[PDB]
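Chemist:
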Amino acid sequence: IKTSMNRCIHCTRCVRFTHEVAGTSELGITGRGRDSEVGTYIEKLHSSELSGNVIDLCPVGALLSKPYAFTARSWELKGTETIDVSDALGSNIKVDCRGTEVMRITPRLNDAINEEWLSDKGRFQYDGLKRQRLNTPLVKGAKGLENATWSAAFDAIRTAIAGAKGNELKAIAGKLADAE
Amino acid sequence: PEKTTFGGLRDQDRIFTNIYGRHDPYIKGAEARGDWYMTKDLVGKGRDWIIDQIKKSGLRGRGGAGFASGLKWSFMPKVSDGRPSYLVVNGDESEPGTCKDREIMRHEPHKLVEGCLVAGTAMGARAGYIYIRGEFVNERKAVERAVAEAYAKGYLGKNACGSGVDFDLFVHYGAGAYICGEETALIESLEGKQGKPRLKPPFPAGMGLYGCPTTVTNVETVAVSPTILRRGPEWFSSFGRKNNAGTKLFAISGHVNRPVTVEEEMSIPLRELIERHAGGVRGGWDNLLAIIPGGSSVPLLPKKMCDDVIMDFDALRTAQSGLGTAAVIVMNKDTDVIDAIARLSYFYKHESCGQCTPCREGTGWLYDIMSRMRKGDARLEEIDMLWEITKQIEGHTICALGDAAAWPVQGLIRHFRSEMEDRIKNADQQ
Ligand SMILES: Cc1cc2nc3c(=O)[nH]c(=O)nc-3n(C[C@H](O)[C@H](O)[C@H](O)COP(=O)(O)O)c2cc1C
Ligand code: SF4
Ligand code: SF4
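Right under this line is the structure:
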């Protein structure tokens with residue numbers, strides 16, 4: 181969470197969310213009159229895993245996303261409505277992309293599953309979609325895993341499967357594997 | 035009490051009798067002055083009888099509203115739905131011109147407690163809370179001693195005063211805020227949160243302290259009620275005019291020969307009050323720039339209006355002002371009206387809780403503009419802009435503190451526009 185409290189109109193959406201929904205009860209309006217201010221009176225960090233939702237709840241940009249800071253403008257982004265595989269809730273999300281890059285992820289309304297809230301992991305895990313990526317088929321040799329074409333990898337898999345028979349072939353599916 | 039002329043209240047007609055603290059303010063003196071006299075009978079007569087007698091007396095509410103006390107008390111629920119009823123006495127007396135409630139708390143503690151018993155029985159409230167200003171430590175000590183004494187003699191508690199009624203009284207104190215005098219903000223403060231007013235479409239009679247039906251009434255109304263039930267509603271009705279019947283405590287302050295707190299029948303002429311009880315304006319009646327009639331919230335009145343103005347609710351309404359509290363403030367010709375109204379604007383900028391946008395921002399805007407006008411920095415169009423801003427604030431706020439911030443500035447513009455124009459032009463000229 182990035183803070184610009186000068187831009188803060190004194191609605192109480194962040195405080196009401198932190199109390200009623202998130203339930204960490206960390207934010208409040210301290211002060212009286214014009215110098216009334218919103219935030220933790222002490223130096224505290226927002227602990228809920230629903231912390232990202234205050235950014236969307238904030239109407240006037242006083243609370244903003246630090247990972248998605250000064251990177252793009254709204255009109256530049258193409259939004260595609262998809263679902264979050266972070267957990268089995270299947271939270272409905274809208275992925276905003278510029279070119280070939282995902283820039284930000286925000287929730288969608290589905291009263292059935294995710295009212296309009298998104299967990300922090302799902303919201304901010306797009307950063308790890310640009311790192312440690314696999315781009316090409318790799319076949320092992322004495323020099324290690326090395327670049328290979330699709331045909332060569334399939335040939336190696338064929339030579340390997342030829343040896344195995346029956347239950348010697350074993351499949352382990354991952355957390356993010358799809359039905360197809 | 036004569037319909038033609040009102041004034042010159044006699045000692046026999048005064049409710050508050052040790053207002054000046056010449057006698058023992060505690061229980062020994064209180065019983066000898068007529069307090070706690072026959073409270074058994076008045077309470078035993080039933081809540082309905084008390085409500086009808088208060089309604090017939092015509093007692094309007096002290097504290098600024100002026101709303102009829104009997105009707106407000108009759109709005110309380112008759113039968114419990116599982117929720118207790120509460121009586122809260124607003125002894126928070128924050129108002130820039132008002133000192134009247136402090137004398138009652140410190141010199142007549144037992145009248146207030148007896149009134150709390152009577153009104154709680156009238157509204158069917160099991161428990162009562164006397165909210166007092168945190169700054170009023172000694173006055174609170176006096177009230178607490180009165181409560182303890184009343185408990186000791188059985189005037190309060192189960193089978194209070196010998197009648198089959200049950201009432202428990204507590205004394206609670208704030209930490210200093212003008213807003214905590216408002217009905218909902220006081221309830222929020224006593225609940226334990228910040229003293230920020232609640233939107234009124236839910237009304238305190240429906241849901242109040244701890245979510246239960248409550249009524250907030252001023253110390254003066256609660257204190258005057260028991261003697262109204264003793265002396266009689268007709269006696270109370272006789273003194274004032276129509277719709278404005280009772281006597282009220284007038285606190286004269288400012289440039290007067292003797293600043294005094296006094297009890298007088300309503301509908302006394304303001305000139306008569308100032309000249310007889312206050313000793314006259316410092317330098318004579320000729321030496322009047324303006325008079326603030328009802329404390330700082332209400333608009334000020336110029337001398338010309340002060341000539342014929344009568345000390346009443348509806349009449350001050352006709353004179354584009356109000357008798358919120360009988361806190362009359364007198365200014366000499368020497369006084370700079372601009373600076374005093376700017377100080378009131380600073381007061382309201384300091385006392386806004388900040389909950390709603392219009393008060394929180396426009397009151398500081400008003401203070402800044404008034405500060406510039408106090409030096410002549412502003413332009414001539416700034417006055418019209420100031421009127422427009424005051425109109426913007428009024429009516430669009432949660433509570434009446436926005437209205438109370440707008441009104442003094444509007445009165446200054448309306449009656450003393452010439453001096454503001456003079457100051458603005460002269461600074462440019464010189
Ligand atoms: C900003 C603000 C401050 C107030 N301060 C006081 C106060 O200090 N004392 C008081 O008796 N009423 C105060 N009032 C008026 C309250 O409404 C009060 O609790 C109520 O009018 C009492 O009703 P009554 O006239 O029947 O006694 C204030 C109102 C507002 C809007
Ligand atoms: S939600 Fe945003 S605008 Fe509203 S109080 Fe919180 S930070 Fe300020
Ligand atoms: S008008 Fe002023 S004091 Fe009243 S609720 Fe609004 S901001 Fe608070």
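First to last, the protein sequences are chains G and F.
The deposited numbering applies: residue 181 is where the first sequence begins, and numbers increase by one.
The deposited numbering applies: residue 35 is where the second sequence begins, and numbers increase by one.
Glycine included, every Cβ here is placed at the ideal spot set by N, Cα and C.
1. Looking at the structure shown, is G:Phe-334 part of a helix, part of a strand, or coil, going by DSSP?
2. Taking one C-beta from the segment 357-365 of chain F and one from the segment 402-410 of chain F each time, how about it: are there three or more such pairs within less than 8 Å?
3. Check whether the Cβ of F:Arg-394 lies closer than 8 Å to any Cβ atom in chain G.
4. What is the rounded straight-line gap between the Cα of F:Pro-231 and the Cα of G:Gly-308?
5. Is F:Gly-398 close to chain G, meaning its C-beta is less than 8 Å from at least one C-beta of that chain?
6. Just grab the DSSP bridge partners of F:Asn-278 for me.
7. Got a sec? Which residues, its chain only, sit under 8 Å from F:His-57 by beta carbon, not counting five neighbours each side?
8. Taking a cut of 7 Å between CB atoms, which residues from the segment 213-243 of chain G lie near chain F?
9. Check whether the segment 174-181 of chain F and the segment 126-138 of chain F are in contact - that is, three or more C-beta pairs closer than 8 Å.
10. Could you pull out every residue in the same chain whose Cβ sits closer than 6 Å to the Cβ of F:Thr-424, ignoring the five residues on either side in sequence?
11. Kindly give me the distance between the Cβ atoms of G:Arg-214 and F:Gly-388, rounded to whole angstroms, as I take these residues to be in contact under 8 Å.
12. How many Å lie between G:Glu-229 and G:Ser-271 at the Cα?
13. By the criterion of Cβ-Cβ separation under 7 Å, what are the contact partners of G:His-190 in chain F?
14. Using CA atoms only, rank isn't needed, just tell me which of G:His-199, G:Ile-341, G:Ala-292 is closest to G:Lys-350.
15. Return the first residue and the last residue of the alpha helix (DSSP H) that F:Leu-220 is part of.
16. Consult DSSP for F:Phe-201 and reduce its assignment to one of helix, strand or coil.
17. Can you list, in chain order, the residues of its chain with a C-beta nearer than 7 Å to that of F:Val-256? Leave out the 5 residues immediately preceding and following it.
18. If we count Cβ pairs, one from each stretch, closer than 8 Å, do we get three or more for the segment 89-106 of chain F versus the segment 270-288 of chain F?
19. By the 9 Å beta-carbon criterion, what residues does the segment 366-389 of chain F contribute toward chain G?
20. Residues bridged to G:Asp-276 by DSSP?
21. Mind checking whether F:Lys-74 and F:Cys-246 have CB atoms under 8 Å apart?
22. Which residues does DSSP pair with F:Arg-94 in a beta bridge?
23. Let me check you understand the geometry: is the CB of F:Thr-251 closer than 7 Å to at least one non-hydrogen atom of ligand 3?
24. Could you tell me whether the Cβ atoms of G:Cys-188 and G:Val-234 are closer together than 8 Å?
25. Since G:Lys-320 is in the beta strand (DSSP E), which residue starts that stretch and which ends it?
26. So G:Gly-203 contacts chain F; which residues on that side make the cut at Cβ distance below 9 Å?
27. Out of G:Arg-311, G:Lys-310, G:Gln-312, G:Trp-330, state which residue places its alpha-carbon closest to the alpha-carbon of G:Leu-318.
28. Three-state secondary structure (DSSP) at F:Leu-322?
29. Within 10 angstroms of its Cβ, does F:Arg-44 collect 16 or more other Cβ (buried), or is it exposed?
30. Which of the three DSSP states, helix, strand or coil, is assigned to F:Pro-442?
31. Under three-state DSSP, which class holds F:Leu-420?
32. From the beta carbon of G:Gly-211, is the nearest beta carbon of chain F less than 8 Å away?
33. Which of the three DSSP states is assigned to G:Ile-181 in this structure?
34. Looking at the strands, I want to know which residues DSSP matches up with G:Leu-243.
35. I need the straight-line Cα distance from F:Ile-375 to F:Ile-344, nearest angstrom please.
Modeler: The structure says:
1. helix
2. no
3. yes
4. 48 Å
5. yes
6. F:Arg-275
7. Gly-63, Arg-67
8. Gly-213, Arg-214, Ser-216
9. no
10. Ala-440, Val-443, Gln-444
11. 6 Å
12. 14 Å
13. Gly-388, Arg-394
14. G:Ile-341
15. 217-225
16. strand
17. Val-123, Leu-146, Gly-149, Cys-150, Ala-153
18. yes
19. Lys-383, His-384, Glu-385, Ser-386, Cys-387, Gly-388, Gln-389
20. G:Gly-259, G:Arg-284
21. no
22. F:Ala-102
23. no
24. no
25. 318-321
26. Result: empty, since nearest Cβ-Cβ is about 18 Å, beyond 9 Å.
27. G:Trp-330
28. coil
29. exposed
30. helix
31. helix
32. yes
33. coil
34. G:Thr-183
35. 23 Å
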